[PDB]
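Engineer: Fold the following, please.
(6 chains)
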Amino acid sequence: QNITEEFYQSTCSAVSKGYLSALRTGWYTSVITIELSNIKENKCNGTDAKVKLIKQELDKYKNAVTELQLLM
Amino acid sequence: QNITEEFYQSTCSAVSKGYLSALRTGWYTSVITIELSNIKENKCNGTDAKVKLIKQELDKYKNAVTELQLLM
Amino acid sequence: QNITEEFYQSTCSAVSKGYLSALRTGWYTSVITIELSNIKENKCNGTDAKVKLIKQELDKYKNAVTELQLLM
Amino acid sequence: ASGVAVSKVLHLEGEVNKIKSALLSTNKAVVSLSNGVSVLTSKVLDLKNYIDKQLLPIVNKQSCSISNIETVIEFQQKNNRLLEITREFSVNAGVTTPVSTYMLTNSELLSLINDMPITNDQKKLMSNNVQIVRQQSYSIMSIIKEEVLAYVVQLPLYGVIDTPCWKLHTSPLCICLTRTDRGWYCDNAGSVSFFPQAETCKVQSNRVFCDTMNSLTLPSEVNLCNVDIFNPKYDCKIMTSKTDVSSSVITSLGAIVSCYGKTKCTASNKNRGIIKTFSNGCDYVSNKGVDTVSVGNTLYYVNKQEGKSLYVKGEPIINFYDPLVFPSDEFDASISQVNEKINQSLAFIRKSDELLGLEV
Amino acid sequence: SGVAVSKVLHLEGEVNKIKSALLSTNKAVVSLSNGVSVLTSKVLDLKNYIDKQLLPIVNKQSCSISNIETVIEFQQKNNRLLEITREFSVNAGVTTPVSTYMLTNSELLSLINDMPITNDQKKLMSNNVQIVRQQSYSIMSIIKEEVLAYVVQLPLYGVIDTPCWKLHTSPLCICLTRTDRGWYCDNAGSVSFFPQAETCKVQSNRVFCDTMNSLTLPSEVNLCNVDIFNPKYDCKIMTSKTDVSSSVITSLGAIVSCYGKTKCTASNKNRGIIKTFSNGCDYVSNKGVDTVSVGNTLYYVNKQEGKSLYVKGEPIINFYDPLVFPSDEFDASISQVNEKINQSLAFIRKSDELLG
Amino acid sequence: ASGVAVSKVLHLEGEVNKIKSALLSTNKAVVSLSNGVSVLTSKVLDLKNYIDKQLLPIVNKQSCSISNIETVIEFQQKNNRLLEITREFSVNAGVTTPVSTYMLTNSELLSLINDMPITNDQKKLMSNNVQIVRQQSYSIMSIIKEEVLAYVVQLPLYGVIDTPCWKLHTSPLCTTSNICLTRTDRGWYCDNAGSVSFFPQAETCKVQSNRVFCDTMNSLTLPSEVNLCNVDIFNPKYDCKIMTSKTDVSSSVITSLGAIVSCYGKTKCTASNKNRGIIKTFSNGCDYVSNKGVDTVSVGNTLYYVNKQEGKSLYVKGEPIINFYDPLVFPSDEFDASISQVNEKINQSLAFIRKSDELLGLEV
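Structural biologist: Residues are numbered from 1 along each chain as shown, chains lettered A, B, ... in the order given. Okay, here it is:
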């Protein structure tokens, strides 16, 4: 225990001594980048013809990326 | 660059001139609504009889909706 | 309607009377715990030999848990 | 008749040779059939070997992938909640607020509440405002291992309840004065508690929820500051100005207007437009009758402006599972016909042996 | 005796042989009957395998794949509803900023061109969708199993295109420090003053403040920037009877207040220490100075550019190898088997023809 | 013209006619079998056509759906992290704080830290408090395309370190009509180059153990004389920032290692303990109570908690999930034995014919 506390009756107040500082005075900026593991869709007749999962997944994703593109 | 900065030595202080304001003084409220693309569960014997995915997914969902219903 | 509002012209100011308080002065702490429904991986040759989904899912998870273990 | 008898024996010397040929053709007939059946047999064997070496293994790899998949999908369903909690702690670096419904479900929150060291009046209050309670709570990750996760929830305890609160707003008055003690005020044990940051108080209906942590304690005399600024019983916290000034403050049930100098102000209404022009002084306007207020060129909204409804439709998703059925019965009928033909083929032989005569 | 018994009797030594011949031919036919009986049962058992053992497994699999697909398609066709419930769940039913799940760009613009404001305001918001989203709330309002409903609450701007400015202050030396730091924007003939940093967002030369917790001042406060004891507005100041020294980092530079026995210096990432400050108030530009150093504490006048990181990804591949059957060859062998039966019936028809 | 001979001839008709019939039956026997095999053959053909036209195509559609599915599931696993990052930027409109572990992993954060332009003492400090560093950081989306995402991480740099800090609490004080005082400079205080830095918003300072992390951005710089304000308010060396009141007043402030109580006027206060209940009654004046011995304090009717109240443990159990995969096996060996028997029967069927031809004779 490095942290203690003195109480000054003279001035109704308590102080908490014994901390060690670290004052932010600047910013460090690094540019991180991340690639997509893309999916090459293999075309063929599946179980249900109306269900194109591979596509509906990319569409979903391409969309999320579009919405963000529009914040800038 | 429209933004510049004058420094007054007389009064230790810097001012940053050349911004353009937009003060919020009101609120605009719109009511958005969203329907659920429900799943009609087709009943039949699958691969594992203990695995009712369609159901366990709806249950999970109906639950999330219940927890929220209870915040009001 | 319990809430009303008096306006004092004498002191340019409005007061909103008729609320009922609840002042936080303490904290109650409870320790919640949650077990993992683990997956026992059944080993056998699947459709694509390069696709070990069960494993890649655990790995993903064991990772999330490692990153958190490192915040302490 | 000596000569017919030779004609007979000629029919016959001559019969035996014909029945010899007859039988030679019958044998070749049987050799042809042997071959058909040898071929057919090999084609049945190859058929089975297709099913066993080619088809069967593919049907098992698929049973295995489906098992793998299902398991994964069921991992995410049966750990829906553990998995949401790790996402939350991951995004916020291990300390979230408010306490989500993944972190603490309603039946659990109530569980904890009816266990807090507080009166039934407090327990009842919290039970109705679970929303506010969640937003004044923290969730602090404490122990995390692969097979179990652990985290402290930290809910707030209220030291007092059911006390008169009130929220004070102020605008300029005209030299000029402006009261600088805006904010919430709640009665505490014989004194007034004063909360000056808007961030520390939540309000739901007629109910207020404040945090005493960064609050100032005042005597009940501060309330005389609402009628007289130079009240001799408490020196009011004020801010002066030697020059004309004019603005608007939007309160909860209306809006104050301070219109001094050469500035022009006006309260309007969404039906009749401009319905009042303010002269030099301090007026107050109710949100029942006024909808906007206009100081100089800047426009204040006394009420939320109702807007355009939006609606996103959804369609039921359908699953097409068309099962594969086999013509079992008809088939058995043809195989039953094939056994019938073999039964009577052995009859015809047994009949023939009988004329030779082997009996069997 | 009138017939030659020798032709008759000889014609028998043959007859016994052809009797034997035919006995072997019968046994031959009985052997074949048995083969075919066995073969027949093995075809029947083959079919019963396909119908009782294989077929049902192929259906259970058609069913599981349907179940799975449906579930996966549930999460794709409700991607958005599902994100919104996660958001409300995490934040207990009130979020900020207004996510792109909560409100898409074409919808935000939709709402904007419907707000009761001028085209100048509508245009402004249309360009800063980011800031507008961060000053908005999203309040869950009605939630049922098959439909979700929630109020979006966007901000309305009562005034626009007014001169703003941000004021910084440092000590001066007894000592003085101006205590009215923060943003200032011109409102109808007066200055609005926003003293919490949390209430103002800034994007480019553009500022977005919330009048809610703002103070209204006369245009005379600006004389406080040149003269503190300005007789036309009493400046909000904070005194000190002892020497004091620090640094404030502004947007286009940094102020330094170096008094007493304290040593300060502005440095530059290329030449190191390029200036030492004497007793008084100096100001330094972020164009030429990169760090400033009061005593032992070090201030960064500019963001320090750092190490790039890059996480590579690989295309994922899907191996689907279809199962094909040798249909044609097969039919050729069955066509051969029918050919053999056709001519087996020919040889019998030939044989019957010799018998009458 | 006749005799026995005429008998012998009728006799040769005798056997020969029987062996004619014998053979007619044997032929019909062979025609029956031909038909069986014709039918059987068609039933094998239809069996294959079932497998090729009906069964096979369904087994391929399934191989395809399983490939599709797997791919999709593997998309979400091999982009787990890219996908979390887009969710984060989507929810917060492109600027998040704190810096998540999806946005920046531990080995990366440490990577960046041992590259910052700071001393080993600072690099070491941040390395231990990765939690606080993540909460004082931002993550700002910068470039976003379909196949690649890019975003600036913005970590804090500490200009000074290892300096004495302290946190100051205050409560009211009162002459015993009476006047009251309350010090209005509550908050954190850290030593900066010969002066004190003072942080007055609680939001700007984080604290972890004996360690404090503040943001100089909205801080006030004070002379080291402000510390005499802790013992004397009218200290002639620094005019203390104070707030007065001409009327009695009383409250409680809860500090980190205890709690202050200001009990003046006709108000009744008391410190209690979770074992003995009320263990002290405060008279007019300023007292201070330690969180070691006191558990709650009670000014008038309002109740202050000097310590967190330990509560009920909750526990949510889970069960192992099991996967039932029952493979399909074929009786290969037995089958081959029956087909081997069928080839054996055909072999000896040809034997019996070769034997028969030999008596006619055709040598083979």
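Engineer: The lengthiest strand in chain D close to chain C?
Structural biologist: Secondary structure assigned by DSSP state E gives strand D:148-170 as the longest strand of chain D. Yes: against chain C, strand D:148-170 shows contacts by C-beta under 8 Å from any C-beta of the partner chain at D:148-170. C-betas here are computed from N, CA, C, even on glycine.
Engineer: All the helices of chain A, residue numbers only.
Structural biologist: Under the criterion DSSP state H, chain A contains helices at A:53-69.
Engineer: Find the residue at the geometric middle of it.
Structural biologist: residue A:32 (12.4 Å; C-alpha atoms, centre = their mean).
Engineer: Residue in chain A with the shortest distance to chain B?
Structural biologist: Nearest residue of chain A to chain B: residue A:48, at 11.4 Å (C-beta to the nearest C-beta).
Engineer: got it, and the stretch 251-360 of chain D?
Structural biologist: Closest point on the stretch 251-360 of chain D to chain B, by C-beta to the nearest C-beta, is residue D:301, at 2.6 Å.
Engineer: That residue reaches residue E:157, doesn't it?
Structural biologist: No: using C-beta atoms under 8 Å as the test, residue D:301 is too far from residue E:157 to be in contact (10.0 Å).
Engineer: Give me the more crowded residue out of the two.
Structural biologist: Neighbour tally, residue D:301 and residue E:157, criterion other C-beta atoms under 10 Å in any protein chain shown: the higher count belongs to residue E:157, 25 against 21.
Engineer: hey, which helix is longest across chain D?
Structural biologist: Per DSSP H, chain D has its longest helix at helix D:4-49.
Engineer: Centre of the chain to that helix, how far?
Structural biologist: Put simply, helix D:4-49 sits 79 Å off its chain's centre (C-alpha atoms, centre = their mean, to the nearest Å).
Engineer: so, in contact with chain F or not, that helix?
Structural biologist: Yes: residues of helix D:4-49 are located near chain F by C-beta under 8 Å from any C-beta, namely D:5, D:8-9, D:12, D:15-16, D:19-20, D:22-24, D:26-27, D:29-31, D:33-34, D:36-38, D:40-41, D:43-45, D:47-48.
Engineer: Just confirm yes or no for the following helix or strand past that helix near chain F.
Structural biologist: Counting by DSSP states H and E, the next helix or strand C-terminal to helix D:4-49 is helix D:56-78. Yes: contact of helix D:56-78 with chain F (C-beta under 8 Å from any C-beta) involves D:56, D:58-60, D:62-72, D:74-75, D:78.
Engineer: Also within reach of chain E: list those from those.
Structural biologist: Residues of the residues of helix D:56-78 next to chain F in contact with chain E (C-beta under 8 Å from any C-beta): D:56, D:58-59, D:62-63, D:66, D:69-70.
Engineer: Intersect those with the contacts of chain A.
Structural biologist: Near chain A, judged by C-beta under 8 Å from any C-beta, there are no entries from those.
Engineer: could these be laid out in JSON lines, adding distance to residue A:69?
Structural biologist: Listed next are these as JSON lines, based on distance: C-beta to C-beta, whole Å:
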{"residue": "D:56", "distance to residue A:69": "50"}
{"residue": "D:58", "distance to residue A:69": "43"}
{"residue": "D:59", "distance to residue A:69": "45"}
{"residue": "D:62", "distance to residue A:69": "40"}
{"residue": "D:63", "distance to residue A:69": "43"}
{"residue": "D:66", "distance to residue A:69": "38"}
{"residue": "D:69", "distance to residue A:69": "33"}
{"residue": "D:70", "distance to residue A:69": "36"}
